[PDB]
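**Q** So that we are looking at the same thing, I have put the structure below in structure tokens.
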Amino acid sequence: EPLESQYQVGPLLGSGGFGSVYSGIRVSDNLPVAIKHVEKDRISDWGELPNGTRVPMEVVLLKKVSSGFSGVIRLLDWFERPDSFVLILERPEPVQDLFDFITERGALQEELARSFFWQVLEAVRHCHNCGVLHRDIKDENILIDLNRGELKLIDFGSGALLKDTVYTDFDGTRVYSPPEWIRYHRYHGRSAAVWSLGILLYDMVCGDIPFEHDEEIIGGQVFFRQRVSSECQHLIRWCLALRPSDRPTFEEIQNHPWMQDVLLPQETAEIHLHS
Ligand SMILES: [Cl-]
């Protein structure tokens, strides 16, 4: 029953809006885990389990996406404390988050960006198929398993149940948010997710995000400061179309000429990561 007997807690990995995240190991089988604490007072979006138990919405969303194998970090267990919730999540080892990876290594070769972007797309499709919208897709919320070449999506703390009607709330990362949110405080889930995927793809191939200020986001003029292929540029510009209805569907992204002949995760690691 006690989390403290069930888990050996290691160092703090970081903290922020998502709470405080620690490295841990599951005592029974030495499974590497991440242990995430959030103060109850600090929780904005609440949900409830089938049994009517009151939980953070994050737990509800995680349960929906954690069935079977996927490119999403799975929730293994969770605990309620008097003043907080503690979530036990998978932890890849060895691992590096994609923000850190890009910061250290610079712009990614297109072959590598293709492999990573494809995997992110498959993970996002998985979320949507499970009825969950992440709402904070960005480099820092993607973990790279450096040995397996697998990417894993993290931090559902800004997410929502996926719906076909308009969203009028948002607490994700502003520089990845779409022009319709900035201008009108309104967006739809899939088309907003595609915008954020455009920002991410640009970040991968350029080594930095395309827009900093609101006026740039709504201007949507995409300038490339690095050499990027015409097909890649086309896909980015399409994802970053100003009118949400002008953006590609997930099918249209994965059928784009830039996205053909993707490497497998293992070969991605052998070529680009082992070192
Ligand atoms: Cl917290």
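The chains in the structure tokens are called A, B, ... from first to last as shown; in each chain the residues are counted from 1, and the ligands are counted from 1 in the order shown.
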Counting only C-alpha atoms, what is within 8 Å of residue 135 in chain A, bar same-chain residues fewer than 6 positions away, as a list in words?
**A**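 After dropping sequence-adjacent residues, the list is residues 156, 158, 159, 160, 170, 172, 189 and 193 of chain A.
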**Q** Once you have the residues from the selection above, write them out as a JSON list (two decimals), in the first residue's frame, restricted to N, CA, C and O atoms.
**A**
[["chain", "number", "residue", "atom", "x", "y", "z"],
["A", 156, "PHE", "N", 0.41, 14.91, -19.88],
["A", 156, "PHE", "CA", -1.01, 15.16, -20.18],
["A", 156, "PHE", "C", -1.72, 16.17, -19.28],
["A", 156, "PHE", "O", -2.97, 16.28, -19.31],
["A", 158, "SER", "N", -2.16, 19.31, -19.43],
["A", 158, "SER", "CA", -2.94, 20.37, -20.11],
["A", 158, "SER", "C", -3.97, 19.80, -21.05],
["A", 158, "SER", "O", -4.64, 20.55, -21.76],
["A", 159, "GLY", "N", -4.11, 18.48, -21.07],
["A", 159, "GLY", "CA", -4.94, 17.79, -22.05],
["A", 159, "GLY", "C", -6.43, 17.87, -21.77],
["A", 159, "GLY", "O", -6.88, 18.49, -20.81],
["A", 160, "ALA", "N", -7.21, 17.28, -22.66],
["A", 160, "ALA", "CA", -8.66, 17.25, -22.51],
["A", 160, "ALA", "C", -9.20, 16.06, -23.22],
["A", 160, "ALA", "O", -8.52, 15.45, -24.04],
["A", 170, "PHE", "N", -7.43, 27.09, -22.79],
["A", 170, "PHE", "CA", -6.13, 26.56, -23.18],
["A", 170, "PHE", "C", -5.08, 26.97, -22.16],
["A", 170, "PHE", "O", -4.97, 28.15, -21.79],
["A", 172, "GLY", "N", -1.84, 25.25, -22.50],
["A", 172, "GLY", "CA", -0.63, 24.63, -23.06],
["A", 172, "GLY", "C", 0.44, 25.69, -23.24],
["A", 172, "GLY", "O", 0.41, 26.74, -22.59],
["A", 189, "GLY", "N", -9.81, 20.74, -31.88],
["A", 189, "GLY", "CA", -8.71, 19.92, -31.39],
["A", 189, "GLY", "C", -7.69, 19.47, -32.43],
["A", 189, "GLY", "O", -6.49, 19.71, -32.28],
["A", 193, "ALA", "N", -3.86, 20.70, -33.05],
["A", 193, "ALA", "CA", -2.80, 19.74, -32.88],
["A", 193, "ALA", "C", -1.89, 19.77, -34.11],
["A", 193, "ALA", "O", -0.69, 19.70, -33.96]]
**Q** Write out as a PyMOL selection string which residues come within 12 Å of residue 215 in chain A when counting only C-alpha atoms, dropping same-chain ones fewer than 4 positions away.
**A** chain A and resi 175+178-179+182-183+211+219-221
**Q** Please provide the set of residues having any atom within 10 Å of range 50-63 of chain A, restricted to only C-alpha atoms, with same-chain residues fewer than 2 positions apart removed, written as a VMD selection string.
**A** chain A and resid 18 38 40 43 to 48 65 to 67 72 to 80 85 87 89 127 130 to 134 154 to 162
**Q** Limited to N, CA and C atoms, could you put the picked residues into a file as a JSON list (two decimals), in the first residue's frame?
**A**
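For reference, out-v3.json as written:
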[["chain", "number", "residue", "atom", "x", "y", "z"],
["A", 18, "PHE", "N", 3.71, 21.05, -14.48],
["A", 18, "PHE", "CA", 3.34, 19.64, -14.34],
["A", 18, "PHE", "C", 3.57, 19.06, -12.92],
["A", 38, "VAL", "N", 1.87, 16.29, -7.72],
["A", 38, "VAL", "CA", 1.21, 17.58, -7.88],
["A", 38, "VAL", "C", 0.37, 17.93, -6.65],
["A", 40, "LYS", "N", -2.69, 19.33, -4.59],
["A", 40, "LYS", "CA", -4.13, 19.36, -4.91],
["A", 40, "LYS", "C", -4.59, 20.79, -5.18],
["A", 43, "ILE", "N", -4.08, 21.91, -8.67],
["A", 43, "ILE", "CA", -4.81, 21.23, -9.76],
["A", 43, "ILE", "C", -6.01, 22.05, -10.25],
["A", 44, "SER", "N", -6.03, 22.35, -11.54],
["A", 44, "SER", "CA", -7.09, 23.17, -12.13],
["A", 44, "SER", "C", -8.21, 22.33, -12.73],
["A", 45, "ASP", "N", -7.87, 21.25, -13.43],
["A", 45, "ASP", "CA", -8.86, 20.42, -14.13],
["A", 45, "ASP", "C", -9.04, 19.06, -13.46],
["A", 46, "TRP", "N", -10.25, 18.81, -12.96],
["A", 46, "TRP", "CA", -10.57, 17.60, -12.22],
["A", 46, "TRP", "C", -11.46, 16.72, -13.05],
["A", 47, "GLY", "N", -11.37, 15.41, -12.80],
["A", 47, "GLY", "CA", -12.22, 14.41, -13.46],
["A", 47, "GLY", "C", -12.64, 13.38, -12.44],
["A", 48, "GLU", "N", -13.31, 12.32, -12.89],
["A", 48, "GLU", "CA", -13.64, 11.21, -11.98],
["A", 48, "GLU", "C", -13.58, 9.87, -12.69],
["A", 65, "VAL", "N", -5.21, 6.38, -22.45],
["A", 65, "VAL", "CA", -4.16, 6.14, -23.44],
["A", 65, "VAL", "C", -3.17, 5.05, -23.05],
["A", 66, "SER", "N", -3.26, 4.55, -21.82],
["A", 66, "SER", "CA", -2.21, 3.63, -21.33],
["A", 66, "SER", "C", -2.50, 2.14, -21.62],
["A", 67, "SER", "N", -3.58, 1.83, -22.35],
["A", 67, "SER", "CA", -3.89, 0.43, -22.68],
["A", 67, "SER", "C", -3.10, 0.00, -23.88],
["A", 72, "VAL", "N", 3.25, 6.44, -26.16],
["A", 72, "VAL", "CA", 2.86, 7.30, -25.04],
["A", 72, "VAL", "C", 3.41, 6.68, -23.75],
["A", 73, "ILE", "N", 4.03, 7.49, -22.88],
["A", 73, "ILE", "CA", 4.46, 7.00, -21.56],
["A", 73, "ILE", "C", 3.22, 6.60, -20.77],
["A", 74, "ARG", "N", 3.20, 5.37, -20.26],
["A", 74, "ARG", "CA", 2.03, 4.83, -19.60],
["A", 74, "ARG", "C", 1.99, 5.10, -18.11],
["A", 75, "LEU", "N", 0.78, 5.26, -17.60],
["A", 75, "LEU", "CA", 0.57, 5.39, -16.17],
["A", 75, "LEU", "C", 0.52, 3.99, -15.58],
["A", 76, "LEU", "N", 1.36, 3.72, -14.58],
["A", 76, "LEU", "CA", 1.45, 2.39, -13.97],
["A", 76, "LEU", "C", 0.63, 2.31, -12.71],
["A", 77, "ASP", "N", 0.55, 3.41, -11.98],
["A", 77, "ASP", "CA", -0.17, 3.43, -10.71],
["A", 77, "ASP", "C", -0.30, 4.89, -10.28],
["A", 78, "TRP", "N", -1.16, 5.15, -9.32],
["A", 78, "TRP", "CA", -1.30, 6.47, -8.76],
["A", 78, "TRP", "C", -1.80, 6.37, -7.33],
["A", 79, "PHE", "N", -1.49, 7.41, -6.54],
["A", 79, "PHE", "CA", -1.80, 7.46, -5.12],
["A", 79, "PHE", "C", -2.37, 8.83, -4.78],
["A", 80, "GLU", "N", -3.36, 8.86, -3.89],
["A", 80, "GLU", "CA", -3.83, 10.12, -3.34],
["A", 80, "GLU", "C", -3.27, 10.32, -1.93],
["A", 85, "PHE", "N", -1.47, 14.43, -5.25],
["A", 85, "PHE", "CA", -1.53, 13.16, -5.97],
["A", 85, "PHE", "C", -0.14, 12.79, -6.45],
["A", 87, "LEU", "N", 1.78, 10.18, -9.18],
["A", 87, "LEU", "CA", 1.58, 9.36, -10.35],
["A", 87, "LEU", "C", 2.88, 8.59, -10.62],
["A", 89, "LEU", "N", 4.82, 6.54, -13.45],
["A", 89, "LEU", "CA", 4.84, 6.49, -14.90],
["A", 89, "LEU", "C", 6.04, 5.72, -15.39],
["A", 127, "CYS", "N", -3.46, 8.81, -29.25],
["A", 127, "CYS", "CA", -4.18, 9.59, -28.25],
["A", 127, "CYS", "C", -5.60, 9.88, -28.74],
["A", 130, "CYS", "N", -7.94, 7.08, -28.75],
["A", 130, "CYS", "CA", -8.41, 6.81, -27.39],
["A", 130, "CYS", "C", -9.29, 7.91, -26.81],
["A", 131, "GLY", "N", -9.62, 8.92, -27.61],
["A", 131, "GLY", "CA", -10.45, 10.04, -27.17],
["A", 131, "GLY", "C", -9.81, 11.10, -26.32],
["A", 132, "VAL", "N", -8.48, 11.26, -26.45],
["A", 132, "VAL", "CA", -7.70, 12.21, -25.68],
["A", 132, "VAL", "C", -6.95, 13.19, -26.61],
["A", 133, "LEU", "N", -7.06, 14.47, -26.29],
["A", 133, "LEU", "CA", -6.30, 15.55, -26.93],
["A", 133, "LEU", "C", -5.21, 15.99, -25.95],
["A", 134, "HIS", "N", -3.96, 15.93, -26.38],
["A", 134, "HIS", "CA", -2.83, 16.27, -25.48],
["A", 134, "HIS", "C", -2.74, 17.79, -25.13],
["A", 154, "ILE", "N", 4.89, 12.66, -23.27],
["A", 154, "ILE", "CA", 4.68, 12.89, -21.84],
["A", 154, "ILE", "C", 3.86, 14.15, -21.55],
["A", 155, "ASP", "N", 3.47, 14.27, -20.29],
["A", 155, "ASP", "CA", 2.76, 15.41, -19.75],
["A", 155, "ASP", "C", 1.40, 15.67, -20.37],
["A", 156, "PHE", "N", 0.41, 14.91, -19.88],
["A", 156, "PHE", "CA", -1.01, 15.16, -20.18],
["A", 156, "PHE", "C", -1.72, 16.17, -19.28],
["A", 157, "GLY", "N", -0.96, 16.94, -18.51],
["A", 157, "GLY", "CA", -1.52, 17.89, -17.56],
["A", 157, "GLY", "C", -2.28, 19.06, -18.13],
["A", 158, "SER", "N", -2.16, 19.31, -19.43],
["A", 158, "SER", "CA", -2.94, 20.37, -20.11],
["A", 158, "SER", "C", -3.97, 19.80, -21.05],
["A", 159, "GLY", "N", -4.11, 18.48, -21.07],
["A", 159, "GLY", "CA", -4.94, 17.79, -22.05],
["A", 159, "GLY", "C", -6.43, 17.87, -21.77],
["A", 160, "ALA", "N", -7.21, 17.28, -22.66],
["A", 160, "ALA", "CA", -8.66, 17.25, -22.51],
["A", 160, "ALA", "C", -9.20, 16.06, -23.22],
["A", 161, "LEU", "N", -10.44, 15.68, -22.90],
["A", 161, "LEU", "CA", -11.11, 14.73, -23.74],
["A", 161, "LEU", "C", -11.27, 15.35, -25.14],
["A", 162, "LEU", "N", -11.05, 14.54, -26.17],
["A", 162, "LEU", "CA", -11.21, 14.96, -27.56],
["A", 162, "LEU", "C", -12.70, 15.11, -27.86]]
**Q** Using 6 Å as the limit and counting only C-alpha atoms and all ligand atoms, can you tabulate each residue of chain A that touches ligand 1, with its shortest atom-to-atom distance in Å and the two atoms involved, as a tab-separated table?
**A**
residue	atom	partner	partner_atom_place_in_ligand_line	distance
A:19	CA	ligand 1	1 (Cl)	3.8
A:38	CA	ligand 1	1 (Cl)	3.7
A:39	CA	ligand 1	1 (Cl)	4.2
A:42	CA	ligand 1	1 (Cl)	5.9
**Q** Put those residues in a file: C-alpha atoms, as a PDB file, in the first residue's frame.
**A**
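Once everything was written out, this is again22.pdb:
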ATOM      1  CA  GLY A  19       4.437  19.394 -10.676  1.00  0.00           C
ATOM      2  CA  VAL A  38       1.207  17.585  -7.878  1.00  0.00           C
ATOM      3  CA  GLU A  39      -0.320  19.641  -5.051  1.00  0.00           C
ATOM      4  CA  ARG A  42      -2.457  23.504  -7.736  1.00  0.00           C
TER       5      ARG A  42
END
**Q** Quick one: residues within 12 Å of range 106-108 of chain A, only C-alpha atoms counted, chain neighbours fewer than 6 positions away excluded, as a list in words?
**A** residues 98, 99, 100, 114, 115, 116, 117, 200, 201, 202, 203, 204, 205, 206, 207, 208, 209, 224, 225, 226, 227, 228, 272 and 273 of chain A
**Q** Take the residues just selected and output them with N, CA, C and O atoms as a short mmCIF file (atom, residue, chain, number, x, y, z; two decimals), in the first residue's frame.
**A**
data_model
loop_
_atom_site.label_atom_id
_atom_site.label_comp_id
_atom_site.auth_asym_id
_atom_site.auth_seq_id
_atom_site.Cartn_x
_atom_site.Cartn_y
_atom_site.Cartn_z
N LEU A 98 13.56 15.72 -26.08
CA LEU A 98 13.86 16.24 -27.41
C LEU A 98 14.33 17.71 -27.41
O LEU A 98 15.15 18.11 -28.25
N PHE A 99 13.86 18.49 -26.45
CA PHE A 99 14.32 19.88 -26.31
C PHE A 99 15.82 19.89 -25.98
O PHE A 99 16.63 20.63 -26.59
N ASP A 100 16.18 19.08 -24.99
CA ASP A 100 17.58 18.94 -24.58
C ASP A 100 18.42 18.44 -25.74
O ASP A 100 19.53 18.93 -25.97
N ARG A 114 12.50 13.06 -39.86
CA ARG A 114 11.41 12.21 -40.42
C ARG A 114 11.04 11.07 -39.48
O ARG A 114 9.85 10.82 -39.20
N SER A 115 12.04 10.35 -38.99
CA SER A 115 11.78 9.22 -38.11
C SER A 115 11.10 9.70 -36.82
O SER A 115 10.11 9.14 -36.38
N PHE A 116 11.62 10.79 -36.25
CA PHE A 116 11.05 11.30 -34.99
C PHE A 116 9.63 11.83 -35.21
O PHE A 116 8.72 11.54 -34.43
N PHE A 117 9.46 12.62 -36.26
CA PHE A 117 8.16 13.22 -36.54
C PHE A 117 7.11 12.14 -36.80
O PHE A 117 6.00 12.19 -36.32
N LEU A 200 6.61 21.99 -34.21
CA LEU A 200 7.58 20.93 -33.83
C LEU A 200 8.49 20.48 -34.97
O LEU A 200 9.70 20.29 -34.78
N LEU A 201 7.92 20.33 -36.15
CA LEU A 201 8.69 19.88 -37.29
C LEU A 201 9.71 20.96 -37.67
O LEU A 201 10.89 20.63 -37.89
N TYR A 202 9.29 22.22 -37.68
CA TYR A 202 10.18 23.33 -37.93
C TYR A 202 11.31 23.34 -36.87
O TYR A 202 12.49 23.48 -37.19
N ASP A 203 10.93 23.18 -35.61
CA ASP A 203 11.92 23.11 -34.53
C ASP A 203 12.95 22.00 -34.80
O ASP A 203 14.15 22.22 -34.61
N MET A 204 12.50 20.84 -35.27
CA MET A 204 13.40 19.73 -35.50
C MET A 204 14.41 20.04 -36.60
O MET A 204 15.61 19.84 -36.43
N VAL A 205 13.92 20.54 -37.73
CA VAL A 205 14.82 20.80 -38.88
C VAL A 205 15.55 22.11 -38.83
O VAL A 205 16.57 22.26 -39.53
N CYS A 206 15.08 23.08 -38.04
CA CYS A 206 15.78 24.37 -37.91
C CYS A 206 16.55 24.57 -36.61
O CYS A 206 17.33 25.51 -36.49
N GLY A 207 16.26 23.75 -35.60
CA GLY A 207 16.90 23.87 -34.29
C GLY A 207 16.32 24.91 -33.37
O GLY A 207 16.89 25.18 -32.34
N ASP A 208 15.20 25.52 -33.76
CA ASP A 208 14.53 26.54 -32.95
C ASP A 208 13.11 26.70 -33.50
O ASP A 208 12.83 26.33 -34.64
N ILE A 209 12.22 27.24 -32.67
CA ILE A 209 10.83 27.45 -33.07
C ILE A 209 10.71 28.66 -34.02
O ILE A 209 11.52 29.58 -33.95
N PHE A 224 12.85 30.22 -43.24
CA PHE A 224 13.83 29.17 -42.92
C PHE A 224 15.22 29.78 -42.85
O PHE A 224 15.64 30.49 -43.75
N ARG A 225 15.88 29.57 -41.72
CA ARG A 225 17.23 30.11 -41.49
C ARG A 225 18.30 29.03 -41.70
O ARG A 225 19.49 29.35 -41.77
N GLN A 226 17.85 27.79 -41.82
CA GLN A 226 18.67 26.66 -42.17
C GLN A 226 18.24 26.10 -43.52
O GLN A 226 17.09 26.23 -43.93
N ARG A 227 19.15 25.37 -44.15
CA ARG A 227 18.82 24.61 -45.35
C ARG A 227 17.85 23.49 -45.09
O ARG A 227 18.13 22.53 -44.34
N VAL A 228 16.67 23.58 -45.71
CA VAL A 228 15.65 22.59 -45.53
C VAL A 228 15.09 22.28 -46.90
O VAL A 228 14.91 23.19 -47.73
N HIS A 272 21.80 7.16 -35.89
CA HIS A 272 21.85 8.53 -35.37
C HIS A 272 22.10 8.71 -33.88
O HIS A 272 22.47 9.81 -33.47
N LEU A 273 21.89 7.67 -33.08
CA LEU A 273 21.87 7.82 -31.62
C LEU A 273 22.97 7.06 -30.86
O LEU A 273 23.43 7.54 -29.84
#
**Q** Could you list, as a VMD selection string, every residue within 10 Å of range 23-29 of chain A, counting only C-alpha atoms and ignoring same-chain residues fewer than 5 positions away?
**A** chain A and resid 3 to 14 34 to 36 88 to 91
**Q** Please return, as a PyMOL selection string, all residues of range 100-235 of chain A that DSSP assigns to strand (DSSP E) on the basis of the backbone.
**A** chain A and resi 132-133+142-145+150-153+160-161
**Q** Tell me, which residues of range 49-272 of chain A carry DSSP alpha helix (DSSP H), written as a PDB file with C-alpha atoms, in the first residue's frame?
**A**
ATOM      1  CA  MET A  57      -8.108  14.981 -15.270  1.00  0.00           C
ATOM      2  CA  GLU A  58      -4.513  13.936 -16.034  1.00  0.00           C
ATOM      3  CA  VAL A  59      -5.242  10.523 -14.451  1.00  0.00           C
ATOM      4  CA  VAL A  60      -8.415  10.071 -16.529  1.00  0.00           C
ATOM      5  CA  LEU A  61      -6.587  10.904 -19.759  1.00  0.00           C
ATOM      6  CA  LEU A  62      -3.584   8.738 -18.911  1.00  0.00           C
ATOM      7  CA  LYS A  63      -5.808   5.719 -18.169  1.00  0.00           C
ATOM      8  CA  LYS A  64      -7.456   6.150 -21.581  1.00  0.00           C
ATOM      9  CA  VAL A  65      -4.159   6.136 -23.443  1.00  0.00           C
ATOM     10  CA  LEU A  98      13.862  16.239 -27.414  1.00  0.00           C
ATOM     11  CA  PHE A  99      14.325  19.881 -26.308  1.00  0.00           C
ATOM     12  CA  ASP A 100      17.575  18.939 -24.583  1.00  0.00           C
ATOM     13  CA  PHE A 101      18.574  16.832 -27.613  1.00  0.00           C
ATOM     14  CA  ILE A 102      18.066  19.699 -30.074  1.00  0.00           C
ATOM     15  CA  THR A 103      19.702  22.207 -27.715  1.00  0.00           C
ATOM     16  CA  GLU A 104      22.809  20.017 -27.476  1.00  0.00           C
ATOM     17  CA  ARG A 105      22.944  18.769 -31.061  1.00  0.00           C
ATOM     18  CA  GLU A 110      16.022  15.307 -42.249  1.00  0.00           C
ATOM     19  CA  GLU A 111      16.263  11.504 -42.069  1.00  0.00           C
ATOM     20  CA  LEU A 112      16.290  11.742 -38.265  1.00  0.00           C
ATOM     21  CA  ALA A 113      13.557  14.439 -38.142  1.00  0.00           C
ATOM     22  CA  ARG A 114      11.414  12.212 -40.422  1.00  0.00           C
ATOM     23  CA  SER A 115      11.782   9.219 -38.109  1.00  0.00           C
ATOM     24  CA  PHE A 116      11.047  11.302 -34.987  1.00  0.00           C
ATOM     25  CA  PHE A 117       8.156  13.219 -36.536  1.00  0.00           C
ATOM     26  CA  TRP A 118       6.567  10.017 -37.804  1.00  0.00           C
ATOM     27  CA  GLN A 119       6.688   8.474 -34.358  1.00  0.00           C
ATOM     28  CA  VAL A 120       5.153  11.607 -32.795  1.00  0.00           C
ATOM     29  CA  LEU A 121       2.349  11.422 -35.390  1.00  0.00           C
ATOM     30  CA  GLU A 122       1.654   7.782 -34.563  1.00  0.00           C
ATOM     31  CA  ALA A 123       1.551   8.605 -30.821  1.00  0.00           C
ATOM     32  CA  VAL A 124      -0.792  11.554 -31.358  1.00  0.00           C
ATOM     33  CA  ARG A 125      -3.079   9.391 -33.562  1.00  0.00           C
ATOM     34  CA  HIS A 126      -3.099   6.891 -30.700  1.00  0.00           C
ATOM     35  CA  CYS A 127      -4.180   9.587 -28.252  1.00  0.00           C
ATOM     36  CA  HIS A 128      -6.951  10.760 -30.548  1.00  0.00           C
ATOM     37  CA  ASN A 129      -8.092   7.171 -31.173  1.00  0.00           C
ATOM     38  CA  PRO A 179      -3.321  31.809 -34.501  1.00  0.00           C
ATOM     39  CA  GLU A 180      -7.067  31.219 -33.944  1.00  0.00           C
ATOM     40  CA  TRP A 181      -6.427  30.780 -30.189  1.00  0.00           C
ATOM     41  CA  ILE A 182      -4.295  33.938 -30.102  1.00  0.00           C
ATOM     42  CA  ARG A 183      -6.882  35.967 -32.041  1.00  0.00           C
ATOM     43  CA  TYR A 184     -10.233  34.519 -30.902  1.00  0.00           C
ATOM     44  CA  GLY A 189      -8.705  19.916 -31.393  1.00  0.00           C
ATOM     45  CA  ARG A 190      -7.280  18.199 -34.450  1.00  0.00           C
ATOM     46  CA  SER A 191      -6.499  21.344 -36.466  1.00  0.00           C
ATOM     47  CA  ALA A 192      -4.835  22.949 -33.411  1.00  0.00           C
ATOM     48  CA  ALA A 193      -2.795  19.736 -32.879  1.00  0.00           C
ATOM     49  CA  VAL A 194      -1.646  19.924 -36.528  1.00  0.00           C
ATOM     50  CA  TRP A 195      -0.476  23.541 -36.033  1.00  0.00           C
ATOM     51  CA  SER A 196       1.584  22.439 -33.014  1.00  0.00           C
ATOM     52  CA  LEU A 197       3.021  19.593 -35.091  1.00  0.00           C
ATOM     53  CA  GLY A 198       4.104  22.160 -37.712  1.00  0.00           C
ATOM     54  CA  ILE A 199       5.908  24.169 -35.010  1.00  0.00           C
ATOM     55  CA  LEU A 200       7.576  20.934 -33.826  1.00  0.00           C
ATOM     56  CA  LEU A 201       8.693  19.883 -37.292  1.00  0.00           C
ATOM     57  CA  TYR A 202      10.177  23.328 -37.929  1.00  0.00           C
ATOM     58  CA  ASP A 203      11.922  23.110 -34.531  1.00  0.00           C
ATOM     59  CA  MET A 204      13.401  19.727 -35.499  1.00  0.00           C
ATOM     60  CA  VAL A 205      14.817  20.799 -38.877  1.00  0.00           C
ATOM     61  CA  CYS A 206      15.785  24.370 -37.906  1.00  0.00           C
ATOM     62  CA  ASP A 214       1.786  36.781 -30.846  1.00  0.00           C
ATOM     63  CA  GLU A 215       2.143  39.017 -33.919  1.00  0.00           C
ATOM     64  CA  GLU A 216       4.402  36.493 -35.565  1.00  0.00           C
ATOM     65  CA  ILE A 217       2.055  33.597 -34.807  1.00  0.00           C
ATOM     66  CA  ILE A 218      -0.896  35.431 -36.423  1.00  0.00           C
ATOM     67  CA  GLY A 219       1.313  36.656 -39.308  1.00  0.00           C
ATOM     68  CA  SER A 230      11.506  21.903 -50.573  1.00  0.00           C
ATOM     69  CA  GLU A 231       9.253  18.963 -49.612  1.00  0.00           C
ATOM     70  CA  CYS A 232       9.914  19.479 -45.889  1.00  0.00           C
ATOM     71  CA  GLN A 233       9.263  23.250 -46.230  1.00  0.00           C
ATOM     72  CA  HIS A 234       5.985  22.462 -48.037  1.00  0.00           C
ATOM     73  CA  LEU A 235       4.767  20.162 -45.259  1.00  0.00           C
ATOM     74  CA  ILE A 236       5.679  22.702 -42.525  1.00  0.00           C
ATOM     75  CA  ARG A 237       3.932  25.523 -44.356  1.00  0.00           C
ATOM     76  CA  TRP A 238       0.862  23.362 -44.831  1.00  0.00           C
ATOM     77  CA  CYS A 239       0.664  22.442 -41.100  1.00  0.00           C
ATOM     78  CA  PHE A 250      -3.149  13.337 -40.105  1.00  0.00           C
ATOM     79  CA  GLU A 251      -3.673  11.108 -43.132  1.00  0.00           C
ATOM     80  CA  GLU A 252      -2.527  13.891 -45.428  1.00  0.00           C
ATOM     81  CA  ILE A 253       0.604  14.509 -43.323  1.00  0.00           C
ATOM     82  CA  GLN A 254       1.569  10.800 -43.301  1.00  0.00           C
ATOM     83  CA  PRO A 265      13.171   3.086 -34.533  1.00  0.00           C
ATOM     84  CA  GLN A 266      16.038   0.561 -34.096  1.00  0.00           C
ATOM     85  CA  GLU A 267      17.790   1.627 -37.270  1.00  0.00           C
ATOM     86  CA  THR A 268      17.170   5.239 -36.351  1.00  0.00           C
ATOM     87  CA  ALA A 269      19.162   4.596 -33.138  1.00  0.00           C
ATOM     88  CA  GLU A 270      21.936   2.636 -34.883  1.00  0.00           C
ATOM     89  CA  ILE A 271      22.459   5.392 -37.453  1.00  0.00           C
ATOM     90  CA  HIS A 272      21.847   8.532 -35.365  1.00  0.00           C
TER      91      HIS A 272
END
**Q** Given the choices A:141, A:147, A:109, A:246, which gets closest to residue 229 in chain A if the distance is worked out from only C-alpha atoms?
**A**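 The answer is A:109, which sits nearest to residue 229 in chain A.
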**Q** So the first atom is CA of residue 187 in chain A and the second is CA of residue 248 in chain A; what is the distance between them in Å, to one decimal place?
**A**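 Taking CA of residue 187 in chain A and CA of residue 248 in chain A, their separation equals 15.4 Å.
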**Q** Record the distance separating CA of residue 212 in chain A and CA of residue 96 in chain A, expressed in Å with one decimal.
**A**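 Atom-to-atom, CA of residue 212 in chain A and CA of residue 96 in chain A are spaced 24.4 Å apart.
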**Q** With only C-alpha atoms as the counted atoms, please give the residues lying no more than 9 Å from residue 92 in chain A, apart from itself and same-chain residues fewer than 4 positions off, as a ChimeraX atom specification.
**A** /A:32-33,73,96,143-146,152
**Q** Would you output that residue set with N, CA, C and O atoms, as a compact mmCIF listing (two decimals), in the first residue's frame?
**A**
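Final output, part.txt:
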# COMPACT_ATOMS: atom_id res chain seq x y z
N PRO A 32 12.45 0.82 -13.99
CA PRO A 32 12.61 2.27 -13.91
C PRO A 32 11.29 3.00 -14.04
O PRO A 32 10.48 2.72 -14.94
N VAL A 33 11.05 3.93 -13.14
CA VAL A 33 9.81 4.72 -13.18
C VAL A 33 10.11 6.20 -12.98
O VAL A 33 11.23 6.59 -12.57
N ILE A 73 4.03 7.49 -22.88
CA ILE A 73 4.46 7.00 -21.56
C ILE A 73 3.22 6.60 -20.77
O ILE A 73 2.29 7.38 -20.62
N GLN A 96 16.69 11.01 -23.18
CA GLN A 96 16.93 12.46 -23.28
C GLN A 96 15.69 13.08 -23.87
O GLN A 96 15.13 12.53 -24.83
N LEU A 143 10.12 12.31 -25.05
CA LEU A 143 11.32 11.63 -24.57
C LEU A 143 11.87 10.72 -25.67
O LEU A 143 11.10 10.04 -26.36
N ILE A 144 13.19 10.75 -25.83
CA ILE A 144 13.91 9.82 -26.73
C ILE A 144 14.57 8.69 -25.92
O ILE A 144 15.47 8.94 -25.10
N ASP A 145 14.18 7.44 -26.20
CA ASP A 145 14.89 6.25 -25.70
C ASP A 145 16.07 6.08 -26.61
O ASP A 145 15.93 5.74 -27.80
N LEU A 146 17.25 6.40 -26.08
CA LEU A 146 18.44 6.54 -26.88
C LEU A 146 18.99 5.22 -27.42
O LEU A 146 19.75 5.23 -28.39
N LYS A 152 8.60 8.88 -26.94
CA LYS A 152 7.46 8.71 -26.03
C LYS A 152 6.91 10.06 -25.61
O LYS A 152 7.67 10.94 -25.20
**Q** CA of residue 82 in chain A to CA of residue 2 in chain A: how many Å, to one decimal?
**A**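 Taking CA of residue 82 in chain A and CA of residue 2 in chain A, their separation equals 13.4 Å.
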